[PDB]
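With ideal geometry, Cβ positions are generated from the backbone for all residues, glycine too; neighbour counts draw on all protein chains shown. Taken together, the values in this text are just the output of simple stated rules run on the coordinates, not laboratory data.
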Amino acid sequence: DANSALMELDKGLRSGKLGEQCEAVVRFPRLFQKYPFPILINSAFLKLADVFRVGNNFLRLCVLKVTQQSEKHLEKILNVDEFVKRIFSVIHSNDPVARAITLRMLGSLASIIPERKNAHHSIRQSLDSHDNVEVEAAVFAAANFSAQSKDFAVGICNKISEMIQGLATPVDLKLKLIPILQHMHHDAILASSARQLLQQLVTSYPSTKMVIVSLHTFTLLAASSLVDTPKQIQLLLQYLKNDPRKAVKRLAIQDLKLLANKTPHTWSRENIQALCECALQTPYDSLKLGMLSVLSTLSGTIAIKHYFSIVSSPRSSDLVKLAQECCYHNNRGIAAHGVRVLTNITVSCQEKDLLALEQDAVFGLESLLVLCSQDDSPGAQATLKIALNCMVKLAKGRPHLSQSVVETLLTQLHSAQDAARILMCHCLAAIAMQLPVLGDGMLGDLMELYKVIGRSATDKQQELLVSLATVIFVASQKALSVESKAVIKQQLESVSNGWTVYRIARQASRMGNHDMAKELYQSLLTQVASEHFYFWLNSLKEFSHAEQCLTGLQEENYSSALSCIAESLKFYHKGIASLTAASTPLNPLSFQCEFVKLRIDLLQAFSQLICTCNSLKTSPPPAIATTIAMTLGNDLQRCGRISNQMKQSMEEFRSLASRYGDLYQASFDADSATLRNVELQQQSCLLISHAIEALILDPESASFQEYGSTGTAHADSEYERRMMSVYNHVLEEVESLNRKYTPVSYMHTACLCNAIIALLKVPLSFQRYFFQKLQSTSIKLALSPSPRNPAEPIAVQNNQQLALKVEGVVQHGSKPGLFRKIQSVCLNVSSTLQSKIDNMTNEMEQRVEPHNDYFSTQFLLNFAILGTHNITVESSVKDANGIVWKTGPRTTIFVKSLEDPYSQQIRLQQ
Amino acid sequence: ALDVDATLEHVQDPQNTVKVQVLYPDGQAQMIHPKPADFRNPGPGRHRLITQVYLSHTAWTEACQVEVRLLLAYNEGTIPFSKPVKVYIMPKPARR
Amino acid sequence: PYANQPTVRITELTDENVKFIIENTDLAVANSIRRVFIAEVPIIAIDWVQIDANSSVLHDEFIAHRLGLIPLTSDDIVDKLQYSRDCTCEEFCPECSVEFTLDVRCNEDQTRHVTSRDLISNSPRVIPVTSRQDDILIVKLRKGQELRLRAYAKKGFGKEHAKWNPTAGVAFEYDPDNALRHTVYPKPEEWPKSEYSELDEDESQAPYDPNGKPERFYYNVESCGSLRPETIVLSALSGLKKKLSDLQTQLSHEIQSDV
Ligand SMILES: [Zn+2]
């Protein structure tokens, strides 16, 4: 159909009327992106060129558009001289509009003909004529080549200098002309000549129009040619200080912003100083806002460390004075951009005298908060967002002031008029995610805010409701009191969407307060239409209830532990049944199901281990002594029946740890949170394994000291912090108890039991990737060997070879690179003998890099056996940092093997 | 025999270092030392390498890709310093 | 004004044969679809026999004849091979042919049945249909004499010789009850009910159709074992399409020459 579809447009192009001819001409990009085959692309462009050469001066415009639309497909043209001849043959036509169209088209073909001297000459010729509609196109084409060639730019720059300094050409065209000087970045000599031209052009045309154009063009030039940025910045600063034109000052600001955004480090100290002086001098609020925005952008980056680099007190530094004064200036925007610089400097640079500035900032923050509390204007909320972001950055960078800021934010919670409350609650939750004393003691007041929700607003009750739910759950560490039933009623009487209650339940489950989750999900269950959601909700309810039951554990009481674990497992099993039912061909809950299943496996391992250690006293010593003399025990050093079970459970725990490894290296999609959670569970499993192995089994063999950095407060969640604390407790116990007793496990059972109780104490936290999946990526991997419609095996003479042609395409549903971007695909092919090292002689791998979205790989498989063979291909994507990230369909193909009867008879006779 | 033609710029002792590496599809890599006579010297520190690389293998059902690259050795280990190129190869089985 | 939408369906399939029905199609196109099965379905059959030494009681030319008619499995390798008279090379090359050898020397007292299983082939894809049931007989051999020959098999089709014809038997028909009244029965009572008839016991004669055209053609194609019936039909249609394309190209060139 690919060839047919072309001639169907060809006959249209052959039609008499420009109606059909235009319809055909503008129909190609469709056919191109439908069939990107290079043969067809070339065939298409030949006919387009011909219809352009002989056209009605409107078919030419249509073809010009086609060229300007399908530019990516241009490089894949086999035949270029013929095409360019056809296009260029209409530059000698006397028609001033037919020359302008062709110059535009050439400009659109710089990618595939960047060195054509005749094209360069024709453009340089048309650039100095009398027809406006062609000069305004020659300018475009010249700017287009000046980027993809050098020997053209060298001539142009001189041409343009002359043709500006000649009094010819109106100012209107002189405006269009200057920007060409952007693309003088090819060589240092080009850049120097252009800059020398500027220094005269600006003074020779001190208009406002010309200045606005030229300064921006050549700040772009300085950005491109990174050798004179120090010179460019000082010119911009001089014009910022001196020229009175408000417009020129505003351009200076909007240009220094670009330079401070691209290359911050190069900014010297005196540059920042002069900028601050200029910001002080101006009486104009808008310009002051501009300079302060630039300074805020600089502060975040490395420039601040250079500015406060020594070889004058920081208080003597003028930057501090500007920051302080603008922190209290009337205007909300100026105040916000001031507090930004203060927060950045306080967090980054830590000098002895700056500590007072910490108090200054923290106190200015509440002023900003109260100012923006009730404004309810778009700019007001923008400033409020900036302020809360500064708050979060300050708190996380410096834990010292967290307690100070949190209590203030709580006090503003009362006075916020239900518009800024959502933002403030988000800020508070983010802050409390670090330290627990920031949430533990403020329980009542938050609920006082919560209770009045139903009456204080109606437009967007939902969002503030869910936010308050998240913050209250975060604050509530252990469990929920009557505050719980009060929340339940608040939802019931107040307008409460099913979606809303679902989100509160989700957040509850995410923060660990499983007690509320079961209750809420029960209310949900009698809802929804499709069975899939009912099953999913029921499964989640059972999981939450099992977690709640687990939470009721008592410290150091082995009797209750087994019963509680057994009950919680009696519930997880129903949960898994329901969840497995919930799956469908669509969104088959892979991660959700597998993670929870391995969780049940973990708890079963714990139950088995606790039972074994309890049975330690189950007449274990009787076996070893009766079997052999206790002294110099052959079965083990003070052998006992429990040794076999200890080996068994140790092996099981290591296997479970590696199964988490399989889950982790299979996800590849979750954010940086769920991954850390999974790693944490694997760490717990491996911890129990190491404890049992180094304490019960040969302790002298291990003889390893936990001599490594431990307990550094770098965790990203209270859950992680608590787990790290538990790990440290277990290690500090086991290291002490390594050699005290014999392997007979007198008190070692006590240590193991206490570790198990501790590990189960911290309830759980179902992480994001469990709920809601983002950044959907997949590999199609449709290998194209000799295709086999059914599973019927394919044949190969057995003496020669086989070639596979594994074809693969990567498909992104969401934002392609939200967290991890595929860098390479490590296709691994292996074969096995179907009928029977099991014939893995042919096991190879190739790391194909996908260039656009598509990767093919030729694989050769050698094999000389009669029986059938299985061919397995595994994808194993690999990301930027370099990781296995095992994924891929893991498709299989069966291949038959037969030999020529000629060789059969040869072997028979021989 | 695959003609191999290359330009080597700013290399000390090209003849004792540069080596042509051929990676067959099936994962086997063959190293080839070019002769000391394969290296012409048109100009200052800009040598030309002209040589033949000998390819062979049993019969393939379809065309494959053999990768040719230029390696640099040191005195132990090797460093790729060139863009690999692909050549289509098709060994048919013997005739009558 | 355009070719109707042909509609087909298979009744049942089997290795031996395939039976199907075509609906909403013309008699001429149906007839051509039949004819292509008989004629234009290329296959592989032995076509060049060189005899080193023959000593049986069947004279050599007879042996060449018989070897000509043996059937060979040509499921897909027929597409890969390219006609001998069309392939440019020295005599036969592995692309344009296939090689067989046959050497037998009856040395035992009892008569030996030189049979198709003895034909050693070169390419496993093609072998006598019997191999992959009793064997196809070539010639019987008394003790003492021998038969030694080398054969080359190529790709031909029905027109050239009936040894390339794989369609053992095609049954084509329509109007099993003479509704269209193309045929006339002076004594329609005598004639037997067609197996596809739907008439009653008493009537056994469909009413005359004042307005109608042949439809619901019935096809029953029995393979000879060279090719599966479905592959036979698909290859027939594809080859007919190729022929039509050739005609269109040539006549387009002719029109361009004319104008
Ligand atoms: Zn040939």
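Shape summary: the range C:43-162 maps onto an equivalent ellipsoid whose semi-axes, from the alpha-carbon gyration tensor, are 27, 15, 12 Å in decreasing order. If a spin label sat at a point 7 angstrom from the Cα of A:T892 along the line to its beta carbon, the backbone N atoms of the range A:787-801 nearer than 15 Å would be those of A:791-794. Taking packing as the residue-averaged number of other Cβ atoms within 10 angstrom, the listed peptides A:282-289, A:640-647 run from highest to lowest as A:640-647, A:282-289. Geometric descriptor of the range A:21-133, per residue, is 91 Å³ (volume of the convex hull of the Cα atoms).
If a spin label sat at a point 7 angstrom from the Cα of A:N57 along the line to its beta carbon, the backbone N atoms of the range A:101-118 nearer than 12 Å would be those of A:101.
Shielding value for A:801-809 is 3, the average number of Cβ atoms from other chains within 10 Å of each residue's Cβ. Taking θ as phi - 60° and the Karplus parameters 6.51, -1.76 and 1.60, the scalar couplings of the range A:893-910 work out to 9, 8, 9, 7, 9, 9, 10, 5, x, 4, 5, 4, 5, 4, 4, 4, 4, 6 Hz in sequence order, x denoting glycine and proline. Taking the number of Cβ atoms within 10 Å of each Cβ as an exposure proxy, the fewest-first ranking of C:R216, A:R116 is C:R216, A:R116.
How big is D for the range A:201-242, in µm² s⁻¹ as a whole number, if Stokes-Einstein is applied with the Kirkwood radius of its Cα pairs at 37 °C and 0.692 mPa s? Result for D is 305 µm²/s. Counting only Cα atoms, the size of the range A:270-329 along its three principal axes is 35, 22, 20 Å, in decreasing order. A simple rule links phi to the HN-Hα coupling: the Karplus curve 6.51 cos²θ - 1.76 cosθ + 1.60 with θ = phi - 60°, which for the range A:212-225 gives 4, 5, 5, 4, 5, 4, 8, 5, 4, 4, 5, 4, 5, 9 Hz, with x for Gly and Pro.
Each of A:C593, C:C89 was scored by other Cβ atoms within 10 Å of its Cβ. Arranged with the fewest first, they read C:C89, A:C593. Sorted on the mean count of surrounding Cβ atoms within 10 Å across their residues, most packed first, peptides B:35-44, C:41-50, A:119-128 read C:41-50, A:119-128, B:35-44.
In plain terms, the residue of A:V501, C:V57 with the fewest other Cβ atoms within 10 Å comes first and the most crowded comes last, giving C:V57, A:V501.
Please work out whether the range A:790-867 counts as rounded, prolate or oblate from its C-alpha gyration tensor, where a ≥ b ≥ c are the square roots of the eigenvalues and a/c under 1.5 means rounded, while otherwise a/b larger than b/c means prolate and anything else oblate? Prolate, because a/c is 1.5 or more and a/b exceeds b/c. For the residue pairs A:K821/B:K86; A:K11/C:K80; A:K396/A:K878; A:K209/A:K249; A:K647/A:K740, the alpha carbons lie more than 24 Å apart in A:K821/B:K86; A:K11/C:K80; A:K396/A:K878.
Using the Karplus relation 6.51 cos²θ - 1.76 cosθ + 1.60 with θ = phi - 60°, the per-residue 3J(HN,Hα) values for the range A:93-99 come to 4, 5, 6, x, 8, 5, 6 Hz, with x marking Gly and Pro.
Averaged over the residues of peptide B:57-64, the number of Cβ atoms from other protein chains lying within 10 Å of each residue's Cβ is 6. Give the long-range amide H neighbours of A:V762: residues separated by 5 or more places, or on another chain, with amide H under 5 Å away, using H modelled in the peptide plane at 1.01 Å from N. Amide H to amide H, under 5 Å and 5 or more residues apart or across chains, A:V762 pairs with nothing. Between the amide H of C:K155 and those of C:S84, distances stay under 5 Å, these residues lying 5 or more places away or on another chain, with hydrogens modeled in the peptide plane.
Residues of the range A:722-750 falling in the label zone of A:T627, defined by backbone nitrogen less than 15 Å from a point 7 Å along Cα to beta-carbon, are A:744.
The range C:127-141 and the range A:365-403 have Cα centres lying 94 Å from one another.
All Cα-Cα separations within the range B:14-96 were binned at 10 Å from zero, giving a P(r) of 15, 42, 28, 13, 3, 0, each value a whole percent of the pairs.
Applying D = kT/(6 pi eta Rh) to chain C, where Rh is the Kirkwood radius over alpha-carbon pairs, T corresponds to 4 °C and eta to 1.567 mPa s, the Stokes-Einstein value obtained is 59 µm²/s. Placing a pseudo-label 7 Å from each Cα along the Cα-to-Cβ vector at C:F172 and A:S15 gives an inter-label distance of 4.1 nm. Note on A:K805/A:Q904: beta-carbon distance plugged into 1/(1 + (r/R0)^6) with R0 of 30 Å gives a FRET efficiency of 0.55. What shape does the range A:132-171 take by its C-alpha gyration tensor, where a ≥ b ≥ c are the square roots of the eigenvalues and a/c under 1.5 counts as rounded, a/b above b/c as prolate, and the rest as oblate? Note, shape of the range A:132-171 comes out oblate.
Between C:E61 and B:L55, the modelled label-to-label distance comes to 5.2 nm, taking each label 7 Å out from Cα in the direction of the beta carbon.
Using the Cβ-Cβ distance between A:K117 and A:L258 with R0 = 35 Å, the FRET efficiency computed as 1/(1 + (r/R0)^6) comes to roughly 0.50.
Taking square-rooted eigenvalues a ≥ b ≥ c of the alpha carbon gyration tensor, is the range A:462-526 rounded, prolate or oblate, where a/c under 1.5 means rounded and, failing that, a/b exceeding b/c means prolate? In terms of gyration-tensor shape, rounded.
As a calculated quantity, the FRET efficiency between B:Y88 and A:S89 at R0 = 22 Å, using C-beta atoms, amounts to about 0.05. In chain A, the inverse of the mean reciprocal separation of distinct Cα atoms equals 35.1 Å; this is its Kirkwood hydrodynamic radius. Neighbouring Cβ atoms from other chains, within 10 Å of the Cβ of residues in C:96-107, number 1 on average. Sorting A:548-555, C:8-15, A:148-155 by average packing, meaning the other beta carbons within 10 Å per residue, from highest down gives A:148-155, A:548-555, C:8-15.
Near C:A30, once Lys and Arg are set to +1 and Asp and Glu to -1 for all other residues with Cβ below 14 Å from its Cβ, the sum equals -1. Give, as a single signed number, the net charge of other residues whose beta carbon lies under 15 Å from the beta carbon of A:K249, with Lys and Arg counted +1 and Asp and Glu -1. So the surrounding residues net to +2. Across q = 0.14, 0.18, 0.25 Å⁻¹, the range A:297-380 modelled as identical point scatterers on its alpha-carbon atoms has Debye log10 I(q)/I(0) values of -0.49, -0.76, -1.27, in the order of the q list.
Over all alpha-carbon pairs in the range A:688-739, figure out the percentage whose distance exceeds 18 Å. Here the tail beyond 18 Å accounts for 37 percent of pairs.
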